[PDB]
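Residue strings, one per chain:
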Amino acid sequence: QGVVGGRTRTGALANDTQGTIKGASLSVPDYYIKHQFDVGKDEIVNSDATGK
Amino acid sequence: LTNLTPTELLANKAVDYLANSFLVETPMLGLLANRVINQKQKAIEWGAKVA
């Protein structure tokens, strides 16, 4: 935040530091939380009408 | 799946085929079968001219 500075009521009309707003950037990362699995098409059919 | 379908959860429904092809020919029984006589008595009496 900027500084507040005082001057005598009729004094040097000065300039004081302003707040330094800053840009923050993240990225939706280029990495995955993933579950990779393979199912043989037999196991889908061998256990479609053949599952308890 | 590779692990998500255990053997014990797979029913393995069978072909409705029972395989008894055993000896069932009874031709000697087949002869003289549809003419079996069911007596109310335990004995069978009949004559025989022997001379």
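Structure first, text after, so check above.
Residues numbered from 1 in each chain as written, not as in the entry; some residues may be left out. Chains lettered and ligands numbered in written order. Part of a larger assembly, values for the part shown. Heavy atoms only, no water.

Caption draft 1: Quick look at the overall build of chain B. When you go through chain B residue by residue, the secondary structure sums to 1 helix and 0 strands. Taking 2.2 N^0.38 as the reference for a compact globule, 51 residues should give roughly 10 Å; the C-alpha atoms of chain B span a radius of gyration of 28 Å, well beyond that estimate. Based on the C-alpha atoms only, the size of chain B along its principal axes is roughly 90 × 25 × 15 Å. A total of 51 residues make up chain B; the buried ones form 4% of that total. Approximately 5700 Å² of chain B is accessible, and the part contributed by carbon and sulfur atoms is 60%. Taking the average location of the 5 positive side-chain charges in chain B and that of its 4 negative ones, the two points are 21 Å from each other. (Helix = DSSP H or I, 4+ residues; strand = E, 2+ residues; numbered from the N terminus. Rg over C-alpha atoms; globule rule 2.2 N^0.38 Å. Buried < 20%, exposed > 50% of the residue type's maximum accessible area, 1.4 Å probe, protein only. Areas by Shrake-Rupley, 256 points an atom, 1.4 Å probe, with all protein chains shown as cover. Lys, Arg positive; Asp, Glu negative; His and termini not counted. Charge placed at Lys NZ, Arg CZ, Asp CG, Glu CD.)

Caption draft 2: Representation of a nonpolar patch on the surface in the model. Residues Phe-37, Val-39, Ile-44 and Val-45 of chain A make up a contiguous nonpolar surface patch of roughly 350 Å² in combined accessible area. Secondary-structure assignment places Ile-44 of chain A in helix α1 (residues 41–46). (Patch = residues over 30% accessible without salt bridge, like charges linked within 9 Å, V, L, I, M, F, W, Y side chains within 5 Å. Salt bridge = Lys/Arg side-chain N within 4 Å of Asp/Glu carboxyl O.)

Caption draft 3: Main features of the interface of chain A and chain B. At the junction of the two partners, chain A supplies 10 residues and chain B supplies 9 residues. Approximately 780 Å² of surface area, both sides summed, lies buried where chain A meets chain B, with 57% of it carried by carbon and sulfur atoms. If you sort the residues of chain A by the area they bury against chain B, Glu-43, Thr-50 and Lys-52 of chain A come out on top, with a joint share of 57%. Counting across the interface, chain A meets chain B through 0 salt bridges. Counting every contact that joins chain A to chain B gives 5 residue pairs in polar contact. Per-class residue counts for the side of chain A that touches chain B are 3 nonpolar, 4 polar and 3 charged. (Contact = heavy atoms within 4.5 Å. Buried area = accessible area lost by both parts, 1.4 Å probe. Polar contact = N/O pair within 3.5 Å; in protein donor to acceptor, adjacent residues only side chain to side chain. Nonpolar A, V, L, I, M, F, W, Y, C, P; charged D, E, K, R; others polar.)

Caption draft 4: Structural view of unusual backbone geometry. All names here are of chain B. With a phi angle near 60°, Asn-12 is a residue other than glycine that sits in the positive phi range. Checked against the element boundaries, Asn-12 lands in the segment before α1 (27–30). With relative accessibility at 57%, the residue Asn-12 sits in the exposed group. Positive phi outside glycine occurs at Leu-32, with the angle close to 55°. Its location among the elements puts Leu-32 in the segment after α1. With relative accessibility at 48%, the residue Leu-32 sits in the partly exposed group.

Purely geometric stuff here, so don't read any function into it on its own.
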